[PDB]
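# Breakdown of the fold
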2 protein chains.
Amino acid sequence: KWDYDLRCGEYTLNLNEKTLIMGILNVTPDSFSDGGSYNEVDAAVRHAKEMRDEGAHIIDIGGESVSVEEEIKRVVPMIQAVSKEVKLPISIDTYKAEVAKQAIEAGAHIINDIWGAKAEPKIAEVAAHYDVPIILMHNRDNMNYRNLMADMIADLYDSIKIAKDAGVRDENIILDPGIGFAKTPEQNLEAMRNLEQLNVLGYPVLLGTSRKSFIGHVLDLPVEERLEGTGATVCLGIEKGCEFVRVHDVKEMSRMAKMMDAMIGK
Amino acid sequence: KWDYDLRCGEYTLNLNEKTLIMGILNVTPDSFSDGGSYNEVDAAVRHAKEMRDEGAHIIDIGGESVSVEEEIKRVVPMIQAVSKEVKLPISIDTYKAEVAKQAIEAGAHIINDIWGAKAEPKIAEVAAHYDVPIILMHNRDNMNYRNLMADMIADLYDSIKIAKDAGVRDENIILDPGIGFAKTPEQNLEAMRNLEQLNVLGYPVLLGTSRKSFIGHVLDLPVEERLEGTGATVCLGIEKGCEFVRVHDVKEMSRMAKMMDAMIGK
Ligand SMILES: Nc1nc2ncc(COP(=O)(O)O)nc2c(=O)[nH]1
Ligand SMILES: Nc1nc2ncc(COP(=O)(O)O)nc2c(=O)[nH]1
């Protein structure tokens, strides 16, 4: 059903047997340091440890939510520690070219770019050079669509043409609808409801909805009260064919994914 | 989209605006009494109270999991108390004709028959007489299918012809795939995966998967560790068009339902 595996250095991720879980590494910095101090790096390692024990297949590590050089000095020790101590592929959640490059150098395995190569096109180049999967998220500086889904597909397509023109092999491309970016609450709902359309593009799809505003908007609930909303988006996502979910609650979300997988026959 | 409402005496349930939540009333009897003693009836009222506060639209009350007359003496006080104190329609989960009749008399609003009129055909008759919705679950005394879904649809059809021949109006008929009855673990999965087929029959569908074996079978987890599995089945159910879910965890399941509803545009 997917004629290839996701190549990630020492680890390989099958795309057919299960929905793969990307665990969001929570990266609480030291108000007292700029580097890789014991507390932040240790909390980070503990948290990746726990997400590994809970069912996570990938650990996702982000720098900013803010100069370039800071982002590295912050993010790089996190990667060296987690990669050394947790045997799962790490993805680096940055859009900056220099950041991606350091992170890979430091041991990151996948690039994760919330601007799908548009904020910093050199990033495709890095991806190309190190031969790593890169995630291209849908994003843009405006909410003005003539047709959300057709535009979303258009915009994503633009990211692929950037990735490809830079040397990126089809098999290293992953797409993501960027739910929660550049979309109104109702537009997010509509992307959800049409997610399967992304499949015509022929690439694996990652969905990132964990705890976002639009769940709050529907359910009327704070971020920490959004587990069941997230759950629904994960389920609907998997039914609609997505291959990855990006999630805070690895334990719960792993179980829902596993049950969906058995239902839909994945 | 449904050209009618569910008529239930003093209450009316719209079938278009949301997935309706049926809360499973947990009915822990007194090892010391046969009637309507303070503890069992009071725990029951408290539990229906809490499920009402959590988002339940219907309260479902069951007698046995066991003579006929016992079932009544047990179930009837439960209905009088809950109906008097909780303003939600109550359904009576029995297949026995005499039981259904007492329950309605006592104040039950919907019949809920895990043998869809086949164990006790007079039950359709009762339903007909009091003009109440009756749920017809798929069931049978064997697991031998030539084609699960086609047979399931066949068997269900047999229940409708019994309900109809007894006077039951189309608008009072609800169907249910009976996941967890007369099916192997893998067969349950396959019913799940083909639930939408039930819609060709033209009746509203209730799904009852809460905490059942097959979730345990997939996830490898005790009944009390089955919330996320249940969740997935609820989501997949709602996406596949079902109008009701029958669930233990009313709070969590209400939220998932609400989020699904907003996604699928219900
Ligand atoms: N690939 C991908 N990356 C992302 N990074 C950050 C956030 C938003 O930040 P948060 O998860 O920390 O709220 N969402 C995404 C997403 O949806 N997809
Ligand atoms: N309509 C309907 N009624 C039911 N009654 C009992 C049980 C199984 O008992 P439990 O819910 O107490 O485990 N399942 C159903 C069902 O799936 N649908």
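Scroll up for the structure.
Now for a quick tour of the structure. (Residues numbered from 1 in each chain as written, not as in the entry; some residues may be left out. Chains lettered and ligands numbered in written order. Heavy atoms only, no water.)

Take helix α4 (residues 122-130) of chain B next. All names here are of chain B. For α4, every residue scored as buried is listed here: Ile123, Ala124, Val126 and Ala127. In an axial view of α4, the angular spread of the buried residues amounts to 155°, which keeps them on one side of the axis. The exposed residues of α4 that point more than 90 degrees off its buried face are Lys122 and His129. Contacts made by the buried residues of α4 are with α3 (97-106), β6 (110-113), β7 (134-137) and α5 (148-165). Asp131 sits one or two positions beyond α4 and adopts a positive phi of about 60°. (Buried < 20%, exposed > 50% of the residue type's maximum accessible area, 1.4 Å probe, protein only. Helix = DSSP H or I, 4+ residues; strand = E, 2+ residues; numbered from the N terminus. Arc of directions from axis to C-beta. Contact = heavy atoms within 4.5 Å.)

Take the relation of the copies chain B and chain A next. Least-squares fitting of chain B to chain A yields an RMSD of 0.0 Å, with the transformation described by 0.0 Å of translation along the axis and a rotation of 180°. The transformation just described matches what one would write down for a two-fold rotation axis. No C-alpha of chain B approaches the rotation axis more nearly than that of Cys235 of chain B, which lies at 3.2 Å. Mapped onto chain A, 100% of the interface residues of chain B are again interface residues, and the two copies thus contact each other with one and the same surface. (Least-squares fit on C-alpha atoms.)

All names here are of chain B. Ligand 2 sits among 13 residues. The nearest are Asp93, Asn112, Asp176, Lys212 and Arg246. Between ligand 2 and the protein, one listed contact pairs an oxygen atom with a backbone N or O atom of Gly208 at 3.1 Å. Within the side chain of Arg246, one N or O atom sits 2.6 Å away from an oxygen atom of ligand 2. Expressed as a share of its isolated accessible area of 410 Å², the protein-covered part of ligand 2 is 78%. Considering only residue class, the shell around ligand 2 consists of six nonpolar, three polar and four charged. (Near = heavy atom within 4 Å. Polar contact = N/O pair within 3.5 Å; in protein donor to acceptor, adjacent residues only side chain to side chain. Areas by Shrake-Rupley, 256 points an atom, 1.4 Å probe, with all protein chains shown as cover. Nonpolar A, V, L, I, M, F, W, Y, C, P; charged D, E, K, R; others polar.)

Residues and elements named next belong to chain A. Around ligand 1 there are 13 residues in total, and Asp93, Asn112, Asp176, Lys212 and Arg246 lie nearest to it. Residue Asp93 places a side-chain N or O atom 2.9 Å away from a nitrogen atom belonging to ligand 1. Surface burial for ligand 1 is 77%, taken as the share of its 420 Å² of free accessible area covered by protein chains.

As a further point, take the interface of chain B and chain A. The extent of an interface is frequently quoted as the accessible surface area lost upon association of the parts. Between chain B and chain A, the contact holds 28 residues from the first and 28 residues from the second. Sorting the residues of chain B by area buried against chain A places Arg255, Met259 and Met263 of chain B first, and these three jointly supply 29% of that buried surface. Where chain B packs against chain A, one counts four salt bridges. Elements supplying a minimum of two residues to the side of chain B that touches chain A: α6 (185-194), α7 (213-219), α8 (227-239) and α9 (250-264) of chain B. The dominant element in the side of chain B that touches chain A, judged by the number of residues it contributes, is α9 of chain B, at ten residues. (Buried area = accessible area lost by both parts, 1.4 Å probe. Salt bridge = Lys/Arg side-chain N within 4 Å of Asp/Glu carboxyl O.)

What follows is about the side chain of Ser83 of chain A. Residues and elements named next belong to chain A. With respect to the helices and strands, the residue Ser83 is situated in helix α2 (residues 68-85). Residue class for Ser83 comes out buried when judged on its relative accessible area of 18%. Not counting chain neighbours up to four residues away, the residues in contact with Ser83 comprise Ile90, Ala106 and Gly107.

Let us look at the pairing of strand β10 (residues 244-247) of chain B. All names here are of chain B. Alternating residues of β10 divide into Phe244 and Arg246 and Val245 and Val247, and every residue in both groups is buried. With four bridges joining them, strand β3 (residues 20-25) and β10 adopt parallel strand pairing. Bridging across to β10, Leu20 finds its partner in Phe244. Across two bridges, the pairing between strand β9 (residues 206-207) and β10 is parallel. Counted as the bridge partner of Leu206 is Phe244 from β10. (Pairing = 2+ DSSP bridges.)

Either a parallel or an antiparallel arrangement is found when strands of a sheet pair, and the pairing is made through backbone hydrogen bonds. All names here are of chain B. Strand order in this open sheet of eight strands is β8-β7-β6-β5-β4-β3-β10-β9, and the pairing throughout is parallel. Only two strands of the sheet have a single partner each, and these edge strands are β8 (173-176) and β9. The sheet contacts of α9 involve β3 and β10, and relative to β3 the element is tilted by about 165°. (Axes fitted to C-alpha atoms, helices over the stretch in contact; angles between N-to-C directions.)

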